[PDB]
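Asks: What follows is a single structure, and I will ask about it in a moment.
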Ligand SMILES: *[C@@H]1O[C@H](CO)[C@@H](O[C@@H]2O[C@H](CO)[C@@H](O[C@@H]3O[C@H](CO[C@H]4O[C@H](CO[C@H]5O[C@H](CO)[C@@H](O)[C@H](O)[C@@H]5O)[C@@H](O)[C@H](O[C@H]5O[C@H](CO)[C@@H](O)[C@H](O)[C@@H]5O)[C@@H]4O)[C@@H](O)[C@H](O[C@H]4O[C@H](CO)[C@@H](O)[C@H](O)[C@@H]4O[C@H]4O[C@H](CO)[C@@H](O)[C@H](O)[C@@H]4O)[C@@H]3O)[C@H](O)[C@H]2NC(C)=O)[C@H](O)[C@H]1NC(C)=O
Ligand SMILES: *[C@H]1O[C@H](CO)[C@@H](O[C@@H]2O[C@H](CO)[C@@H](O)[C@H](O)[C@H]2NC(C)=O)[C@H](O)[C@H]1NC(C)=O
Ligand SMILES: *[C@@H]1O[C@H](CO[C@H]2O[C@@H](C)[C@@H](O)[C@@H](O)[C@@H]2O)[C@@H](O)[C@H](O)[C@H]1NC(C)=O
Ligand SMILES: *[C@@H]1O[C@H](CO)[C@@H](O)[C@H](O)[C@H]1NC(C)=O
Ligand SMILES: [Ca+2]
Ligand SMILES: [Ca+2]
Ligand SMILES: [Cu+2]
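Residue numbers (the authors' numbering), protein chains in the order written: chain A, 87 to 137, 174 to 220, 224 to 228, 237 to 277, 282 to 307, 316 to 348, 361 to 383, 391 to 412; chain V, 1 to 20, 32 to 306, 318 to 438, 443 to 505, 508 to 683, 793 to 811, 823 to 995, 1002, 1011 to 1216, 1222 to 1429.
Below is the structure:
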């Protein structure tokens, strides 16, 4: 149960063998010659930032949904050169949708099949913004940095087990940033009149909520709505994202 | 403020537990002034003495006159007294003036003066007036059972009227639930009575209260041996300290303060809903009667439930797990026993009045034999339609709801029927509403737990299977689902006893082998039927209650049935979140539920169970899984395999620090009286992983007793316990509270983990393991207010039988940062107390109850190390672990404490429940030796009771080496080189030879003993050597070695060695946090420059720290009071007996008698009684010879105006002290047990020249 014990002294993803403890790495990373070290494999490796307003180059991943009429309506998080993560309630609420901190065509967009919009949250007395998650696919490959995608376990027992998280939430003319502490689940559930589902968690909507580790950046959640702020517990939608990535 | 004066007295009386054979008892009773006409005294107080009151700042006097056959006393649970009002007798080394209260013989009287301080007042979060008990401490177990007992009320400032009655409440009633055993009452009778305020068989006079009133209840449960209650007021809910309720949990020797709020007219029943209590007839009435006085989200609910006579099987899918001797004693139907299933009459819910189609397909999954789960918010109107289908009549009764007598649903013994008891085929509809007074508080959880059953024969009705959980919730649980939580759970610990059912013979005449001989009540047989359940399941099953990870499941526990003991309960890795606190265990008073919220912070399968009877172990348990969802199937599947749906709608249009210990389960011999000497398995720490080098004892650890080492850590830290057995049988390490994996659990149950995680389950002798435990936020202190969280650690193999064998330890988790240089907490005092009644008949070492030692830390009575200053933050971590029978209402005498986290809650007495451990903060107000305790009679007197001690904050005052007041005849050394003497080892002392200094050798180490000639308190040393000029020759390092019995002594270690001087003059001072107390002290130097040069002085105070100049020398004592037997007045000069002052030079300095004889005396009147501890004696110089008293005696005043010589405790006659040897010399003499008189005389027996002297009394104002 070492992995559980300080994360098998591992830099990133600690897993399990029958009497073992398998150490993995994030995308674009080289595992430690030790068997745990784990280092940047390339120059466009995710997570690497620069080491209020988030300096240009500090939030290399952050994304901005632009509408012809309303301009920047929602934020996003670049996962890969083709797909960028956003919120479900951020799509089909504006006439259109399309490396900058001073206030790209969208090909396809996958809205989780279980997302519950306010209106629909009314039609069947269901959790509002439940499954507030979606993935946008660019028409042309973006030239690089993206954020690193973590594993359910790693995110549950290592990442979300931090003191505070980063929420580069932009209405200012320049980009914003801030650190938000991870609040208890009961604290959260008893702190809002809105019932939060086991998909959410609390501590601009569409922006990235990342938890830092070994000078690296792991996407943990994404802006929801809203007392504390609500986020989409990306822990529960890791396989759903890999599904769409493993697209081809 | 005010001066309250009561006239109380003991006296016999022919009490009859039924007033509609009587017993002669000794009880209290308020006689009027001068004891003229007694007084009214209500007819409700029964045996209970007269209730005392008194705000804050007031003062109470009690004129006690003992008209009894025995010596009685008066004694308050509240620290509003001193040792001359304590009313208790122990080893406190006080004056016969302070033991006059301890006991009062027949005919004798006494004035009890109490000062109700502000330190002991209710204050912030407590009601206007707190409840407390008082009673004859002399033999409590024998004195109470007699009747000597009453109630004290430490009201708060400005909460009373002239009436003396409380102003906040419209009413005020004192209820003492007491169990009396005349077989202990001096006038022994073989009888046992369960009474409220002395009235048995439910004859307690009718209480009275108009409708819409606000009552202030002051309940007091008590007995001789461990007794627990659970009072209840029908169709009425209370607020036990900011918590909505309905069932009050009072233990033997505890008090309860709650504020009710009636709302429904009619006479209600008052009982303790316990099995035994209820059959003993113990009950009363709340006779409410209207009096004209005046008193959306809402969605009136509606339930359709019905009584169905079904066949219930406690044993469905009984899995291997269960104990064999169990499924043979209770389950298996062999031996003519009924077996597993009996005929039941349970509840069932329908969707319509036609009572045709039920609201389920299978009997609910998981809620066993539990009826439908009712629910409702505040201001909602629930409507139940009850339909009896069973053989005999039944009813519906709910708790925590101000139901009306028209919809009460309960039958009283005083009735011939209004929907109270519906009959077969009959239909009735209860219509009650959830009043705001029934609403739960801000402390309560979203939902308060409660129950409902039939009131036809409640006990016998339930045994036949009529129970159902009922939740009352604020405006949250919305729909009608829960809210805030992702899982509403229920765990009703019901104990159904067939032999108390209505089908008792419908089962025997059906499921029996030959009912013919079926002998109901035949032990073996009876116990069979009376089986234990959890949600109706009389044993663990094959299915596991599965929950998710990181999700918060809200529970709702409630021990129903005929439970007589306190039903504790246990989790694992996971913890309950009760009353805003975390607890790895929960004790359940019968019939009063509790609502925790155990979040799933840990994964893996775990066990939940109540640990007590070989019946409670299996009859009440279950397992629950706690994992994720994982994998996925999908990602791996795609990679090696067959991909599935996406689950999306397309669219795009738009132009902590470590910490390790090395423990080991060693084998030791233990006797509880240093035949009282048994063998036991204990713990003990080792220096490192090598072992064989056990870490040595310290000063603090001088109280821990048997308890293993203190496993201490901070939040987020990780513990690495390298445990290794060392005994005859295998043992294990289990840790409470902490977050331990299945590899660090230490317990074998249906855990699904592999052998990889079982190896920790138990370690056979020599076995070696490592327990990596983890401290997460929820295992330490909750909120800043709290400083350190308490947890225990014991055996896993067999907890109870292992924990009794001498295996147990303390765990402390303090705030991140609160631990100093060396592993100890700073800025606070620390004590860990283990209240447990060891039973060497349970321990493994001894030939599924004669040798009991009700002791604390395995040391009944003795112990030690309980020395704390006055006013200094001292905490007390309390740990209990006994079965359901050892409750331990812990008590600090003359002290008052708050329980950490709750600094706004006073108490002063704290029932320590089984498997409980809470930390409290002290800061004592009185100085001296005091008893700490259990208010539980049986144990109190049979071991469980250790004495503690306090020292005046100012206790570092020079103690007599510079001043010499300490004879040179007291200082001695192992040897000295040169003219240097031990006699010359004083501070700042000058001369060619000013210190003591020997010559070190390859021989032994040198020492220098300082005899104080009597036990004292030291808290500091001071050192230096003398400078010749070129070299100083001083001591560099050293250590101490005290001892009160002359020769045998211990070494000090708080620590081992102290800092020596830097030169041959500089004064280096050292401190001693754990104050030393001994007749003798020694200084052994280790390092030095040139030679162990030593001159010193002690810093401490007296055991009582009273010694203060009374004014002789100062003059405070006028010379008018200074009488004498005769003062020589010659034509020239005379010495008046008021010229006898210390350090006085000028004129005729002193006092000498005209006639020098053994008949002379010097009387110093103090007018008012004062405490005297030590008196110095001087001499006089003038013309012919300089005089002084060579020896003397001392006479003083007695309780009743009579002279008495200061007799010796170490001899037959009054001590004869050795006076001065000169003129201008001092010679302080102390008084073993202080003198508490107003008149001191000094009869000189031997003198030099003409009897002359200068006196300087020492004492406090008492
Ligand atoms: C109106 O009048 C009054 C009230 O208004 C009522 O009278 C009282 O009614 C109640 C309830 O019915 C009775 O309570 C019960 O009392 C019995 C009697 O036990 C006493 O003597 C015991 C010793 O007896 C000897 O012989 C037995 C059997 O051979 C041996 O076991 C013993 O060792 C003895 O040799 C003694 O042990 C009892 O306790 C004493 O010692 C214990 C130490 O543990 C102390 O705590 C006590 O203070 C006390 O000093 C007692 O003195 C008890 O046995 C009953 O307790 C058991 O049974 C209960 C069911 O009633 C139930 O709660 C538990 O089972 C409880 O557990 C005890 O017995 C178990 C056996 O099943 C054991 O497993 C367990 O270890 C424990 O021993 C119970 O308390 C009063 O006695 C009775 N008084 C009277 C009649 O004068 C009356 O009912 C009312 N009537 C109406 C119509 O309203
Ligand atoms: C456990 O095994 C037995 C007792 O259970 C003992 O074995 C001893 O081992 C030590 C060192 O190997 C020897 O000195 C002894 O001679 C062995 N036997 C006895 C009776 O002393 C020992 O108590 C435990 N094992 C060890 C290694 O201590
Ligand atoms: C008793 O039930 C009656 C059954 O009619 C049906 O009610 C429908 C609303 C539906 O639930 C069906 O499943 C039932 O079979 C119902 O009409 C009455 O309201 C009920 N009360 C009576 C007959 O007094
Ligand atoms: C004597 O030495 C000690 C130094 O601590 C102290 O009593 C004082 O300084 C000296 N005497 C004095 C100051 O009169
Ligand atoms: Ca006393
Ligand atoms: Ca295990
Ligand atoms: Cu006491």
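Every residue, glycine too, gets a C-beta built ideally from N, C-alpha and C.
Show which residues of chain A have a CB atom less than 8 Å away from the CB atom of residue 656(V).
Replies: Those within 8 Å of residue 656(V) in chain A are 289, 290 and 293.
Asks: Consult DSSP for residue 634(V) and reduce its assignment to one of helix, strand or coil.
Replies: Residue 634(V): strand per DSSP, three-state reduction.
Asks: What residue ranges within the region 573 to 657 of chain V form continuous alpha helix (DSSP H) runs of no fewer than 4 residues, ordered along the chain?
Replies: Qualifying alpha helix (DSSP H) stretches, in chain order: 644 to 647.
Asks: Given that residue 403(A) touches chain V, what residues does it touch there, using C-beta distances under 7 Å?
Replies: Going along chain V in sequence order, the residues near residue 403(A) (Cβ under 7 Å) are 660, 662 and 663.
Asks: Looking at the unbroken alpha helix (DSSP H) that takes in residue 551(V), where does it start and where does it end?
Replies: Where residue 551(V) is concerned, the enclosing alpha helix (DSSP H) stretches over 551 to 557.
Asks: Tell me whether the beta-carbon of residue 187(V) lies closer than 9 Å to the beta-carbon of residue 160(V).
Replies: Cβ atoms of residue 187(V) and residue 160(V): closer than 9 Å.
Asks: With 8 Å as the C-beta to C-beta threshold (strictly closer), list the residues of the region 880 to 892 of chain V near chain A in chain order.
Replies: Listed by position along the chain: 889, 890 and 891.
Asks: Verify the contact flag: residue 98(V), CB atom, against every heavy atom of ligand 5, threshold strictly below 8 Å.
Replies: It does: the Cβ of residue 98(V) is within 8 Å (strictly closer) of some heavy atom of ligand 5.
Asks: For a cutoff of 9 Å on Cβ pairs, would you count residue 1003(V) as touching chain A?
Replies: Inspection of chain V shows residue 1002 followed directly by residue 1011; residue 1003(V) is thus not represented.
Asks: Under a three-way DSSP split, which group does residue 334(V) fall into?
Replies: Here residue 334(V) sits in strand by DSSP.
Asks: Using the beta-carbon of each residue, which ones in chain A are nearer than 7 Å to residue 904(V)?
Replies: What residue 904(V) touches in chain A: 105.
Asks: Quick one: is the Cβ of residue 1093(V) within less than 8 Å of any heavy atom of ligand 7?
Replies: It does: the Cβ of residue 1093(V) is within 8 Å (strictly closer) of some heavy atom of ligand 7.
Asks: In this structure, what does DSSP give as the bridge partners for residue 479(V)?
Replies: Per DSSP, 419(V).
Asks: What number of angstroms, rounded off, separates the C-alpha of residue 984(V) from the C-alpha of residue 344(A)?
Replies: Whole-angstrom Cα-Cα distance: 46 Å.
Asks: Nearest CA to the CA of residue 392(V): which residue from 452(V), 332(V) and 94(V)?
Replies: Of 452(V), 332(V) and 94(V), the residue nearest in Cα terms is 332(V).
Asks: Please report the distance separating the alpha-carbon of residue 1001(V) from that of residue 798(V).
Replies: Between 995 and 1002, chain V has no modelled residues, which means residue 1001(V) does not appear in the coordinates.
Asks: Please list, in chain order, the residues of the region 186 to 208 of chain A that have any C-beta partner in chain V closer than 7 Å.
Replies: Taking 7 Å as the Cβ-Cβ cut-off against chain V, none of the residues of the region 186 to 208 of chain A qualify.
Asks: With which residues is residue 1197(V) paired in a DSSP beta bridge?
Replies: Answer is 1255(V), bridged to residue 1197(V).
Asks: Nearest to residue 1076(V) by alpha carbon, out of 1095(V), 992(V) and 948(V)?
Replies: The shortest Cα separation from residue 1076(V) among 1095(V), 992(V) and 948(V) belongs to 948(V).
Asks: Considering Cα atoms alone, identify which of 265(V), 286(V), 248(V) and 287(V) is closest to residue 271(V).
Replies: Closest option to residue 271(V), Cα to Cα, is 248(V).
Asks: Are there three or more Cβ pairs, one per stretch, closer than 8 Å when the region 1342 to 1355 of chain V is compared with the region 111 to 126 of chain V?
Replies: No, the region 1342 to 1355 of chain V does not touch the region 111 to 126 of chain V.
Asks: I need the DSSP call for residue 1004(V), collapsed to helix, strand or coil.
Replies: Missing here is residue 1004(V): after 1002, the next number in chain V is 1011.
Asks: Mark residue 334(A) as exposed unless 16 or more other C-beta atoms lie within 10 angstroms of its C-beta, in which case mark it buried.
Replies: It counts as buried.
Asks: Our contact map puts residue 503(V) next to residue 585(V) with C-beta atoms below 8 Å; I'd like the distance itself, whole angstroms only.
Replies: That pair is no contact at about 18 Å.
Asks: Looking only at DSSP bridge pairs, what is residue 989(V) linked to?
Replies: Looking at the DSSP assignment, residue 989(V) forms no beta bridge with any residue, so it has no partner.
Asks: On the DSSP letters alone, give me the boundaries of the beta strand (DSSP E) that residue 868(V) sits inside.
Replies: Note, residue 868(V): beta strand (DSSP E), 866 to 869.
Asks: Run down chain A in chain order and give the residues with a C-beta less than 7 Å from the C-beta of residue 511(V).
Replies: Those are 340, listed as they occur along chain A.
Asks: Counting only C-beta atoms, is residue 325(A) closer than 9 Å to chain V at any point?
Replies: Answer no: the Cβ-Cβ gap between residue 325(A) and chain V never drops below 9 Å.
Asks: Whether or not the region 987 to 994 of chain V and the region 862 to 873 of chain V are in contact is what I'm after, with contact meaning three or more pairs of Cβ atoms, one per stretch, closer than 8 Å; do they touch?
Replies: Because the criterion of three Cβ pairs below 8 Å is not met, the region 862 to 873 of chain V and the region 987 to 994 of chain V do not touch.
Asks: Got a list of residues with beta-carbon closer than 6 Å to any non-hydrogen atom of ligand 3, in chain order?
Replies: So the residues near ligand 3 by this Cβ test are 374(V), 375(V) and 376(V).
Asks: Tell me the start and end of each unbroken beta strand (DSSP E) in the region 1086 to 1163 of chain V that is at least 3 residues and wholly inside, in chain order.
Replies: Counting whole runs of 3 or more residues, the region 1086 to 1163 of chain V contains the beta strand (DSSP E) stretches 1090 to 1096, 1109 to 1113 and 1133 to 1135.
Asks: Closest to residue 1105(V) by C-alpha separation, out of 306(V), 1429(V) and 824(V), would be which residue?
Replies: Nearest C-alpha to residue 1105(V): 824(V).
Asks: So is the beta-carbon of residue 849(V) under 8 Å away from any non-hydrogen atom of ligand 5?
Replies: It does not: the Cβ of residue 849(V) is nowhere closer than 8 Å to a heavy atom of ligand 5.
Asks: Distance cutoff 9 Å, beta carbons only. Does residue 242(V) sit that close to anything in chain A?
Replies: Judged by the 9 Å Cβ criterion, residue 242(V) is not in contact with chain A.
Asks: What would DSSP say about residue 980(V), mapped onto helix, strand or coil?
Replies: It is a strand residue.
Asks: Out of curiosity, what's the CA-to-CA distance linking residue 467(V) and residue 941(V)?
Replies: When rounded, the distance between both Cα atoms is 34 Å.
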